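**Q**
Protein chains: 6
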Amino acid sequence: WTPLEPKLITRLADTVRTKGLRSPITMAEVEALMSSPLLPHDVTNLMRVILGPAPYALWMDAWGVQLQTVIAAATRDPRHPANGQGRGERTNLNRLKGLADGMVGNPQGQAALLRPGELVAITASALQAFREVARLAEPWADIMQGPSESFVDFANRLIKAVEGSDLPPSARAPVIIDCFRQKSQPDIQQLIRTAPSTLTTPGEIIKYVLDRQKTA
Amino acid sequence: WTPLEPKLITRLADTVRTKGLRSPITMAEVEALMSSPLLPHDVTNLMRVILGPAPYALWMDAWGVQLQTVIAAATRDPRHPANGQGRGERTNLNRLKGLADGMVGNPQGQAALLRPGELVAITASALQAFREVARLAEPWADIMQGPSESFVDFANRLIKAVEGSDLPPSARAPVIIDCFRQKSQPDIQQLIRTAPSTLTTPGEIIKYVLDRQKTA
Amino acid sequence: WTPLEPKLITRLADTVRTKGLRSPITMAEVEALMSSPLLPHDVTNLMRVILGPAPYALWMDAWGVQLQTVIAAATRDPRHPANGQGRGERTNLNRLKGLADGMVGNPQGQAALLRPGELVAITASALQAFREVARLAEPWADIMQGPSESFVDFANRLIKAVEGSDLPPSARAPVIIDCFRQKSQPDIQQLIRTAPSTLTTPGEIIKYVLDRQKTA
Amino acid sequence: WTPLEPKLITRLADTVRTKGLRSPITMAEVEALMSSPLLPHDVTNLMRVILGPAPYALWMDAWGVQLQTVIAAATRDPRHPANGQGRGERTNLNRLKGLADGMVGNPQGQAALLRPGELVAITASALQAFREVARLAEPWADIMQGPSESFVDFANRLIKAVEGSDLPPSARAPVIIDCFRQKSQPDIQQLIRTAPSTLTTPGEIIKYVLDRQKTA
Amino acid sequence: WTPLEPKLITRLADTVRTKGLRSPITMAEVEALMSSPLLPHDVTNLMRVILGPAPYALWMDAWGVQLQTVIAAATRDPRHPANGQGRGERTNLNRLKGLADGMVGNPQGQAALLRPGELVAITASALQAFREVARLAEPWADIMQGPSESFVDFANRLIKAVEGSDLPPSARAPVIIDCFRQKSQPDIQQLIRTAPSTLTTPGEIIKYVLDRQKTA
Amino acid sequence: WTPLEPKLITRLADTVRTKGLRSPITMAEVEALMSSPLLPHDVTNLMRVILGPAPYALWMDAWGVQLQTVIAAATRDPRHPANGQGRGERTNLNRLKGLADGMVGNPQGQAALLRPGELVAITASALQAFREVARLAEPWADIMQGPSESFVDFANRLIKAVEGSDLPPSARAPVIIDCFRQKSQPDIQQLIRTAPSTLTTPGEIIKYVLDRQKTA
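Chains as they are written, first to last, in our numbering: chain R, 293 to 508; chain V, 293 to 508; chain C, 293 to 508; chain Z, 293 to 508; chain P, 293 to 508; chain Y, 293 to 508.
This is how it looks when you write it as structure tokens:
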């Protein structure tokens, strides 16, 4: 086990302190420090340092809930990269939260007994929990493209607000498309309307609009 | 033996000077500089440099107590990674504190005679002693939510004061909940009281209150 | 599998944030972080972090198209470094995009089953897709030297717009020369026209004009 | 072949951006990054990144001219550290500019076939070309000492304009002296005129004037 | 001979400038730069750079005195690691201070003729002289706890003044305890007096007082 | 040959720009970057970068004069560490200033042919020339110890002004002593007057005064 640099952690903590929890730069920095699969000890101490007390409580709750969903999916499929083939490799929440035997407080033993699939599942769970808490602490149908705003900024803002919302995963693309069509002030509205081809994906709409946009 | 960089030690000392002993960034930095197993000379000089005189005295006391607990566990189990199989490898406190023969003041001889299990035990003992002294050096039942204070600030302050107190670990969540219910001025009190669902976690209470709070 | 440093990724993300997608320094930095053959997981997370949402959608599209061209060339030649000799080693797009069995979400298994030729093909495809999206996200024949603008600023702007355009590499110097001659308001036009020597390079024209320019 | 750090290149590019091309700190930094013998690929990409488009064109021109002078000296002496003893080792400009066979676009093959004498000659040529372009990209006989200006500022400005001009090196000191005597408003003119000793160096004149100047 | 880095020397000089001569961090840094056996030239230039003029004079005096004590011990024992077996290897102070023939001003010749025992003796002498001058340049029995001062500040000040004084190392703890008992205004005096347990360490006294102190 | 870091040179240039040429911190920094023996190329470029045009002219003059004094001492003693035993190793000023054959503009050849004694003599000459120019560009008998000034600051200022003046080297110590006795306001005057021992050195006077000074 190798610990994360306290210099990077201090810089990330100050980033969270000045920019907040929800800024795209903060989420990018968290994704950066969430690159290598971390042990429960690492993520727990990281969130202890960068988050205040109340956001840390919220994050512990959300992390537990997401890990429980993961364990339900794991008991629903014996081919989980955290599981094994026999029943003796089934992964309990004590092993995920670092509470199992030989792991409590010891990061070396933790790194010894944990699986790489376990590590990546814990890491993805912690990232999703961070996203939930950030969305909770401090509206996609109210987003309009400003008269002076460019289209890539509007698309970034809209996709951010739609993906970081309460919609099901299978309802984000149609909503993003229909919001591109009805928002995005009438010049781009007519540009999308008069599309000789049928655009059936937000990426394709973005590419088309970026090609044929009125340079100004 | 290779000494730690005085640049890292100076940066850590300034971190302790500005952030304090108990900040999570400071504990992360200490864990960072506590990564490789250190010899008693290294940890002793490190604490001499980063800590003031009175915290250094407290830390010497706490380190001695923790090492004594370790030696009691060692005489309670002949399979300690610091011990050996025969009685001639039993580890005395003079060998742990660096006071044994051939070690006093000489880090090279120290590194020669010491075991890796000895080093990791000394290191873990020093880390626990640092935690104790940090918790000791610098009231939750007196915390009220001010008339103008927001709820996340009140929750942060309350969770901080409850977790940094003398309560057992298994009594913090019920106390935090019952303090959310009885403190947190009567508007939020009635908001929590009339909860159609049963809230059984501080994170869930915080989420509910943040959702249904009176925007003002 | 070893992950890329989040410090390098954070520095690259800030580079993309300040300099943009198309600057030569940004492309050099991407080439730097594109040195070792990356697994689909690595490149996917890298583009997720450094690119915004809409450029990331565009990049996913372009990467898919380039990988499809690669797979067409692969079915057009059984000697692809990603292919094998028999038909059982033919590489499907599920194996290139990391969607095949034993690879979805698991970078360790990914690194296990993938070929080095597969890795380098994926990497080159991702680099070409990044170039396409950068050229798409953000006109030389409309550039005139303003009445008050100096000549070095005009030359900088013109060379920038000509080299960052859709012209072939072998057509940039003649175009830059003929734009120096026809733009660059009639004082400098006559200064270049009455050149006793024949100027056959943009650098030589710039040097001549800087020597004989009307100091004002 | 090992590439130069993009961090050093970014720092050097920002140095060139803020200080300019001609500052002594910039030339020192270039000499620093010009320490190990670089391959044509390295120097070419370095100048592509640190220099703008028009200075890069000028630098390509100057580098070609200096390399041609080097090749003329090489055909004038068969004992060039780039040449060999037989005629089969004669070095063509395609091999110096990296255009020869097995080198175009490939830095590894470049490093394979190139000689150390070739590398140092290319490097010195590139440094001289950079100096020429820096002197070219950015009048002594019009410099007067202002009524309110101090003498050290006037001397600095005059020596700067005289040394950064088209005079031969052996004509700068007499010109600086005779400009000290005829410029430098009549109080200092009479102070230099009535010098009991003969001052035959700009430094001696500066020292004398600083000693006997009218404190005001 | 290899010189010490001017970067390390500049950092050490600024450390001495901000922290002073007597801080434990400064002595640690000096011990760091005093790791390899230095030639008289190195130590002399080092003290010339890091110390001011008057401390440098004091240090020259103290270094001479300590070297004279070393030479007296050397003439009192022919088995000095600087001496040899015959009388022709006896080490004169001109050879220690670098004043002997073939050494004055030349570090290369110095490194040639000097012995490793000579180097380590010179180095230890210089370190002891630095300690003396630091103790000399910039009262524990006069320290009282002010009426408004907290107890941790008083303990810090007292431990600082007692450890940075002329007492033997084995007499600091009893003095600190007996000064806690007789200073530290009568409320804390009575608090320590009525201790049901016997406190036999400054850290234990500090912990007890911090526990049972009158919150105000 | 290894060049000096442009980062250190930039920091030193900014130090000279803000603090000036004569500040003790600037002279300490110059001594730091003057630690290893530099080649004429290094010192020449260093002074070109850190000094303005007029101070650079003055410094070239002073460096030439000091090197000429060195060469006179060298022809006055055939045992110069730059000289050799035979007449064929006599060192000409073209070899010291880097103007000799095989050295003009080439630092590698310079480092090849130069002697270490040559390097240290050039370095000491350049340092003395820098001191002269710094004293010249922007009075010891006017120095008084202020009513509130400490004694070590007064001693530093006085020794600085006396050693950086036009006095012979054999007249500095008596002047420093007699200035300690007559300046240094009457409390310290009487403290030095009533010295039971005879103080015959500035260091001894400083030590005595620091011992018996009135703590306040």
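From the three backbone atoms N, C-alpha and C, an ideal C-beta is built for every residue, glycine too.
Once the 5 residues before and after residue 326 of chain V are set aside, which same chain residues still bring their CB inside 7 angstroms of it?
**A** 415 and 419
**Q** What does residue 455 of chain P touch in chain V if you count any residue whose Cβ is under 8 angstroms from its own?
**A** 345
**Q** Residues of chain Z with CB closer than 9 angstroms to the CB of residue 371 of chain Y, please, in chain order.
**A** Correct list: empty, because the minimum Cβ distance to chain Z is about 32 angstroms.
**Q** With DSSP as the reference, label residue 455 of chain R as helix, strand or coil.
**A** helix
**Q** Among C:342, C:337 and C:394, which residue has its Cα nearest to the Cα of residue 319 of chain C?
**A** It is C:342.
**Q** Give me the Cβ distance between residue 472 of chain P and residue 435 of chain P, rounded to the nearest whole Å; I'm assuming they're in contact under 8 angstroms.
**A** So it is not a contact: roughly 11 angstroms between Cβ atoms.
**Q** Strictly below 8 angstroms CB to CB, what residues from chain Y border residue 447 of chain Z?
**A** For residue 447 of chain Z, the chain Y residues whose Cβ falls inside 8 angstroms of its Cβ are 345, 346 and 349, in order along the chain.
**Q** Is it the case that the segment 422-432 of chain C contacts the segment 453-461 of chain C, given that we only count it when at least three CB pairs across the two stretches are under 8 angstroms?
**A** yes
**Q** So is residue 335 of chain Z in contact with chain C if we call contact Cβ pairs under 7 angstroms?
**A** No, residue 335 of chain Z does not count as interfacial toward chain C.
**Q** Closest to residue 375 of chain C by C-alpha separation, out of C:351, C:486 and C:406, would be which residue?
**A** Per the Cα distances, C:406.
**Q** By alpha-carbon positions, which one of C:502, C:464, C:332 and C:466 ends up nearest to residue 404 of chain C?
**A** C:332
**Q** Distance cutoff 7 angstroms, beta carbons only. Does residue 452 of chain C sit that close to anything in chain Z?
**A** yes
**Q** Using C-beta distances below 6 angstroms, list every residue in its chain close to residue 401 of chain C, excluding the 5 sequence neighbours before and after it, in chain order.
**A** 394 and 395
**Q** Note the first and the last residue of the continuous alpha helix (DSSP H) segment covering residue 330 of chain C.
**A** Looking at the DSSP string, residue 330 of chain C is not in any alpha helix (DSSP H), and its letter there is neither H nor E.
**Q** Examine chain C for any beta-carbon lying closer than 7 angstroms to the beta-carbon of residue 298 of chain Z, and answer yes or no.
**A** yes
**Q** Do residue 443 of chain R and residue 501 of chain R have their C-beta atoms closer together than 7 angstroms?
**A** yes
**Q** For a contact meaning CB atoms closer than 8 angstroms, what does residue 498 of chain P contact in chain V?
**A** Against residue 498 of chain P, the close residues of chain V are 346, 349 and 350, in the order they occur along the chain (beta-carbon pairs closer than 8 angstroms).
**Q** Just how far apart, CA to CA, sit residue 321 of chain C and residue 476 of chain V?
**A** 52 angstroms
**Q** Under DSSP, the alpha helix (DSSP H) around residue 417 of chain Z begins and ends at which residues?
**A** 408-429
**Q** From residue 366 of chain V to residue 399 of chain V, what does the alpha carbon distance come to, in whole angstroms?
**A** 24 angstroms
**Q** Should residue 417 of chain P and residue 362 of chain P be called a contact, given that it needs their Cβ atoms to be closer than 7 angstroms?
**A** yes
**Q** Going by beta-carbon coordinates alone, are residue 397 of chain Z and residue 350 of chain Y separated by less than 7 angstroms?
**A** No; because the gap between Cβ atoms is not below 7 angstroms, this pair is not in contact.
**Q** What first and last residue would you give for the alpha helix (DSSP H) that runs through residue 370 of chain R?
**A** Taken as a continuous stretch (DSSP letters only), residue 370 of chain R belongs to no alpha helix (DSSP H), as it is neither H nor E.
**Q** Under the assumption that residue 454 of chain C contacts residue 468 of chain C (Cβ atoms under 8 angstroms), give the Cβ distance between them as a whole number of angstroms.
**A** 5 angstroms
**Q** If you draw a straight line from the alpha carbon of residue 449 of chain R to that of residue 354 of chain R, how long is it in whole angstroms?
**A** Their backbone Cα atoms lie some 25 angstroms apart in a straight line.
**Q** I want to see whether chain V comes within less than 7 angstroms of residue 438 of chain P, judged by CB atoms only; does it?
**A** Not closer than 7 angstroms to any Cβ of chain V, the Cβ of residue 438 of chain P fails to qualify, so no.
**Q** Based on Cα-Cα distance, which residue from P:330, P:432, P:423 and P:387 lies nearest to residue 474 of chain P?
**A** P:432
**Q** Thinking just about the alpha-carbon of each residue, which of P:368, P:388, P:503 and P:438 is nearest to the one in residue 356 of chain P?
**A** P:388
**Q** Are the CB atoms of residue 340 of chain R and residue 295 of chain V within a distance shorter than 7 angstroms?
**A** no
**Q** Taking Cβ-Cβ distances below 7 angstroms as the criterion, which residues of the segment 309-331 of chain P are in contact with chain V?
**A** 316, 317, 320, 321 and 324
**Q** Return the first residue and the last residue of the alpha helix (DSSP H) that residue 398 of chain C is part of.
**A** Membership of residue 398 of chain C in any alpha helix (DSSP H) is not indicated, and neither H nor E is assigned to it by DSSP.
**Q** Between the alpha carbons of residue 386 of chain Y and residue 410 of chain Y, how many angstroms are there, rounded?
**A** 12 angstroms
**Q** List the whole-angstrom C-beta distance separating residue 299 of chain P from residue 300 of chain Y, where the pair is believed to meet the contact cut-off of C-beta under 8 angstroms.
**A** 6 angstroms
**Q** Buried or exposed: where does residue 334 of chain P fall if 16 or more other Cβ atoms within 10 Å of its Cβ makes it buried?
**A** buried
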